[PDB]
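Asker: Right, I'll just put the structure down here and ask away after.
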Amino acid sequence: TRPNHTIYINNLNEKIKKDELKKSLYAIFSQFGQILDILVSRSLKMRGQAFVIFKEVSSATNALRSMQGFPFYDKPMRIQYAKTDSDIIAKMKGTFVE
RNA sequence: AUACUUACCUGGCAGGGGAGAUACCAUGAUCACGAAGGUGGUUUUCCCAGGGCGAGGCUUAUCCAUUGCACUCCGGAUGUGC
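Take 6 as the starting number for the first sequence in UniProt numbering and just add one per residue.
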C-alpha cells in the first residue's frame with residue numbers, strides 16, 4: 006500500500022506463456038515510463054503474476070492508477086505495490102541484505 | 001523291425017562379432033632346469049557391430065488445484081514423436 010519502485014500485477018490469464026507475457030507486458034507498460042525489467046514466473050505460487058520495476062515511484066503510481074481494472078485477456082487486472090523492494094532496486098539504493 | 005549287395009529318384013564348400021594389451025591356465029615342448037611364438041581359454045583397452053535396463057532430459061495437448069510477493073532453473077498425472 007506504500008508507494009514502491011516496483012508494481013505487482015496479478016489476476017492475469019494463466020494460459021499465456023512466460024515470454025509472450027513478458028513481451029506484451031513490456032509493450033503495455035512502457036507507455037508510462039522507462040521500465041528496467043518485468044519478472045514473470047509460471048510456478049504454482051507465482052503463476053498469474055508479474056513484477057514491473059519502474060525507475061520512478063511516480064511512474065509506478067500512475068501506472069497503477071491508470072491500468073487498475075484494465076481488460077486483459079478477458080480479465081480485470083489487479084495491481085498493488087510490491088511488499089518489498091526488488092533486488093535491483095535494493096542494490097542501486099544499497100539497501101540490499103540477504 | 002534290423003544289417004548286407006544292386007538299380008532308380010533328391011543336393012554348392014568354410015565358418016560363428018574384429019583389432020591391441022595378456023604378468024596368469026592348457027598344450028604338463030624330445031636331450032641332463034627352461035623356449036619365444038602359435039593354438040584353445042581367462043584377464044584387459046576400443047571402431048561401438050547389434051540388443052536388454054529407461055533413470056534423467058526435449059517438443060506439445062488433456063484433467064485437477066492455485067489470487068499466489070518472487071527475483072539459484074522445478075505444482076501432480078495421462079497421451080504423440082525423440
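Yeah, the Cβ is synthetic: ideal placement off N, Cα and C, and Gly gets one too.
Just checking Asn16 against the ligand NAP - is the residue's beta carbon closer than 7 Å to any of the ligand's heavy atoms?
Answerer: The ligand NAP is absent from the structure shown, which contains no ligand whatsoever.
Asker: Going by DSSP in three states, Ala68 sits in which element: helix, strand or coil?
Answerer: Judged by DSSP in its simplified three-state form, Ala68 adopts helix.
Asker: So if DSSP puts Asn15 in a beta bridge, which residue, or which two residues, is it bridged to?
Answerer: Beta-bridge annotation (DSSP): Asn15 is paired with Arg83.
Asker: Could you name the residues of the same chain whose beta carbon sits closer than 7 Å to that of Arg47, not counting the 5 residues immediately before and after it, in chain order?
Answerer: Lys23
Asker: Measuring CB to CB, does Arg83 end up less than 8 Å from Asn15?
Answerer: yes
Asker: What are the residues that DSSP puts in a beta bridge with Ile58?
Answerer: In DSSP, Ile58 forms a bridge with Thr11, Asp42.
Asker: Hey, quick one: how far does the alpha helix (DSSP H) through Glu103 stretch, first residue to last?
Answerer: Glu103 -> no alpha helix (DSSP H), and no H or E assigned at all.
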